[PDB]
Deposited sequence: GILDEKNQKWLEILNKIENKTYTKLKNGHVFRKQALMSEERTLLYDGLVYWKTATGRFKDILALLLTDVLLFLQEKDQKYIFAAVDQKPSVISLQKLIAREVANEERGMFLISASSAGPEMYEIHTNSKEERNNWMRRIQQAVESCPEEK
């Protein structure tokens, strides 16, 4: 059922899309075809310049995935040159003091960490996002 929506999404992602990890190694759609979708929601990604990008966040095992709308299809997020696929391995989450609808995500990696700021539609949604990610990281090997 959740795997049903997962498959439908995968088919709406463009074939040649990709994003670059901090270690220079490139992550492509083909690698996503194996995965289990845990959660999916529309959020906003805050840029370093204070802008908000419309994002579709997909919590999987074993990663977290950010997508943008390219008309009818989806693409990996290209925001502030950050990787749009986050490994759950050493991922943590904190709440934004400035806004209760927002959460910080810091992904430790092999080429060094990276920080993300995500705003949801409510404090309940933020709270749900945090413990959901918290539990995915817990059960991620």
query	finding
Deposited-sequence stretches lacking C-alpha coordinates, listed in sequence order	1-4, 38-39, 148-150
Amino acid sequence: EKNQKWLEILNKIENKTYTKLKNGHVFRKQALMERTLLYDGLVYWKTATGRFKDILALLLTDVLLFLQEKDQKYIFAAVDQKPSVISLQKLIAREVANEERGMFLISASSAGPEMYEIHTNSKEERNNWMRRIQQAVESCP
From here on, numbers count along this sequence of modelled residues.
property	result
Given 126-134 and 19-27, the range whose Cα B-factors average higher in the PDB entry	19-27
Comparing 42-50 with 70-78, the one whose average Cα B-factor in the PDB entry is higher	70-78
Most elevated Cα B-factor in the entry, residues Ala111, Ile106, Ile55, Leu88	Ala111
CA B-factor ranking of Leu59, expressed as a third of its chain	lowest
For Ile92, the third of its chain into which the C-alpha B factor falls	middle
